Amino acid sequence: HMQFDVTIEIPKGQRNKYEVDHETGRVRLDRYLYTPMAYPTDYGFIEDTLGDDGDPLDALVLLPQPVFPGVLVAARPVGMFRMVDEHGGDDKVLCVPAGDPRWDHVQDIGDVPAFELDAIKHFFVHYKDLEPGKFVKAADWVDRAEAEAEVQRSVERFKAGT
């Protein structure tokens, strides 16, 4: 039942860390990563959400082929990666394409292979290893119901801000 639009900022396999400027919609290169790592899934954020830090809620989308920075994908949540960085919580909703029967076997976090979840976790735990003052901690996976609650509160924050 829940679905939303994700804007992918960074396709799977990138060492260039792109970000959308949420005031203008422009794509920016934030930085080239300092570690020999690459985003493990397409990565971006959920449109029309607002986290407590004032940015949209982050999203990871499982896909058969990556998209390009800036592309929208209708998606549904199947779990969430809870984590903190140097600025506090920075959780990521894990998603699959909405309306696509090739993904109907993936409904909740236990439907994603551990090898894939462990590689995602490894990326976020280590990608900033060589950036002074930056880190990732308190990182773990939670289920779809918890992810949906996090999306819902972030939708509420967005609507309160309009």
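Between two forms, the rigid core is defined as the largest C-alpha subset superposing within 1.5 Å. Numbering starts at 1 and runs along the sequence shown.
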Stretch with greater C-alpha deviation in 7 other deposited structures of this protein, 92-100 versus 47-55 (rigid core superposition): 47-55
Farther-lying stretch by C-alpha RMS in 7 other deposited structures of this protein (rigid core fit) among 60-68, 128-136: 128-136
Residue range whose averaged C-alpha B-factor is higher in the record, 23-31 or 55-63: 23-31
Per the entry, higher mean C-alpha B factor between 34-42 and 109-117: 109-117
For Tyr127, the third of its chain into which the C-alpha B factor falls: lowest
CA B-factor ranking of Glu150, expressed as a third of its chain: middle
Third of chain Cα B-factors occupied by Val71: middle
Assigned third (lowest, middle, highest) for the C-alpha B factor of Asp140: highest
